[PDB]
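Shown here is one chain on its own, the form deposited in one PDB entry, set out as structure tokens.
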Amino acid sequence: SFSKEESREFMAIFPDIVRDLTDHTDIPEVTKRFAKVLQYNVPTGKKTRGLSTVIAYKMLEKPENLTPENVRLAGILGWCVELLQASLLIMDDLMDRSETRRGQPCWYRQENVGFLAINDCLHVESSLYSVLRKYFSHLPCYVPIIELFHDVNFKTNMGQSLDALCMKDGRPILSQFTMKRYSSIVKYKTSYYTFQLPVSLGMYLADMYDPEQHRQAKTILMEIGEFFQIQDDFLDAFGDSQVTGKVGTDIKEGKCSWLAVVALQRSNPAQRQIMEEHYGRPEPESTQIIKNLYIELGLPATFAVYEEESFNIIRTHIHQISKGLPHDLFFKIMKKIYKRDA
């Protein structure tokens, strides 16, 4: 349901994650510093992935099996996803040369961090397998959960690589900016870790190992992932940095974003040359010239129309879900993200 009481239930676990990873008695300098890394980077987001892990479980598990112990375990799995999100955001902000994350200067920009952000990134990722070891190592779901986290990370790395290959020799490859390429990027970059991981982690905690059941969840959770990333791409250019918590860099970094794809689809020959000349430039005047074209092409209105159609199209596909999977779970995910401004 994504309610005040669940947000308070979830934030109550976080102190214990910090204690489990920091409280290696011969290097207190580093354990104390890693508490700061966790405190800064892990808990200040919307925590949708982590809260979806708990909601997924509660709606897949048999009502009679929903003990306070079993709910807490779903809470700890959640925070393991947020640990992965944290690691990915530390790296992403370095690679995309971002200014602000979640309302604060990006970790790598801070006084004595810089490239040390690369090590923190890797440290925050490996720390979740330590949390998994302490709480799940005596449960049937231990190996499958470990393997899902390894597979999802590998797939997320490939997403991030395909995302980075938008530029060669300082200029974007606008000829290759297709909706086919776009769909491949968000599938691997976003959908696997953001949407599949929480729901699958819910299924494994409930002992739901049926391959066809996971396959039915995957198909709709990929559609939701695409829908989600298109929202992120819109906000990067037209969002309020005060509300979103970040300054957009998609245009400056010359990303194959949903905006850039649709811009090219609808551009006249003079508008295409603008894109050629000014897309993916370090100059502020170029970024504004591109945003001005985006405005000119009615991409705000175009996004808003798509969002509403896509919401309805996805809902129709959720009503057709089979293999005894709960519909409401997927309606509840869509309700939480539909028309978001952060």
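The numbering used is simple: start at 1 and walk along the sequence shown. Whichever C-alpha set is largest while still superposing within 1.5 Å between the two forms counts as the rigid core.
Enquirer: Is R272 missing in a third or more of the other PDB entries that were compared?
Expert: Across the compared entries, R272 is modelled every time.
Enquirer: Checking the other entries of this protein that model its neighbours, is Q110 missing in at least a third?
Expert: Result for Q110: often missing, at least a third of the compared entries.
Enquirer: Of the two stretches 178-186 and 108-116, which shows the higher Cα B-factor on average in the entry?
Expert: The recorded data point to 108-116.
Enquirer: Quick check on the record: does 150-158 or 205-213 carry the larger mean Cα temperature factor?
Expert: Comparing 205-213 with 150-158, the higher average CA B-factor belongs to 205-213.
Enquirer: In terms of recorded Cα temperature factor, pick the maximum from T48, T67, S310, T302.
Expert: Answer for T48, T67, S310, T302: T67, with the highest C-alpha B-factor.
Enquirer: For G239, return the chain-relative third of its C-alpha B-factor as stated in the PDB record: lowest, middle or highest.
Expert: Middle third by C-alpha B-factor.
Enquirer: Sorting the chain's modelled residues by C-alpha B-factor, tell me whether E253 ends up in the lowest, middle or highest third.
Expert: Middle third - that is where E253 ends up once the chain's C-alpha B-factors are sorted.
Enquirer: Against its chain's modelled residues, does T31's Cα B factor rank lowest, middle or highest third?
Expert: CA B-factor rank for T31: highest third.
Enquirer: Is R315 in the lowest, middle or highest third of its chain when residues are ranked by C-alpha B-factor?
Expert: Its C-alpha B-factor belongs to the middle third of this chain's values.
Enquirer: Against its chain's modelled residues, does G298's Cα B factor rank lowest, middle or highest third?
Expert: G298: CA B-factor falls in the lowest third of its chain.
Quick note: we don't show the form deposited in another entry, though the next part is all about it.
Enquirer: Any idea which of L60, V42, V54, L299 has its C-alpha shifted 2 Å or more between the shown form and the other one with the rigid core fixed?
Expert: Going through each option, the one that shifts is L299.
Enquirer: Does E308 count as moved between the shown form and the other one, where moved means a C-alpha shift of 2 angstroms or more after fitting the rigid core?
Expert: It does shift by 2 Å or more.
Enquirer: With the core lined up, does the C-alpha of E69 move 2 Å or more between the shown form and the other one?
Expert: No, the C-alpha position differs by under 2 Å between the shown form and the other one.
Enquirer: Establish whether a shift of 2 Å or more occurs at the C-alpha of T31 between the shown form and the other one, with the two forms superposed on the rigid core.
Expert: No; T31 is a residue whose C-alpha shifts by less than 2 Å between the shown form and the other one when the cores are overlaid.
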